[PDB]
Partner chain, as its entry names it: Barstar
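Single chain ahead, written as structure tokens, the form deposited without its partner chain.
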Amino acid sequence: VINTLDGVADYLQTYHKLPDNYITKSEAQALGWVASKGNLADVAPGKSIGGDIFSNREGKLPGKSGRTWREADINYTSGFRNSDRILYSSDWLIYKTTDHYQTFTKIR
């Protein structure tokens, strides 16, 4: 039941992991998720995509040696994925994107 911006944001800083309703792109694919058919809720009820490495190809997120970035989807319930993500670092810095990793803003 945790897929809101604050909910997951608080959860990560604390429990240092994502809530149980999250699976990676690969777990989802193994379960039958086909991106082109927006069927995730049919193959993985109650789940949202989260936990894959975000490479930060365009250096938009603050780099540091030893630091890794991960993403999770936000406000997902069913259908095609939306454009909202939570970006979190190994050292628990939290950012949000609402435009498909174009622009980023700090939230914690």
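Positions refer to the first chain, counted from 1.
For the pair 14 to 22 and 94 to 102, the mean B factor over Cα atoms is greater in 14 to 22. Comparing the deposited coordinates for 49 to 57 and 30 to 38, the stretch with the larger average C-alpha B-factor is 49 to 57. Per the deposited record, the Cα B-factor of residue 81 falls in the lowest third when ranked against the other modelled residues of its chain.
The following text describes the form solved in complex with its partner chain, which does not appear among the structures shown.
A residue is said to contact a partner when one of its heavy atoms sits within 4.5 Å of a partner heavy atom; residue 69 fails this definition for its partner chain in the entry with it bound, lying far away. In the entry with it bound, its partner chain sits within 4.5 Å of a heavy atom belonging to residue 81. Using a 4.5 Å cutoff between non-hydrogen atoms, residue 36 counts as a contact of its partner chain in the entry with it bound.
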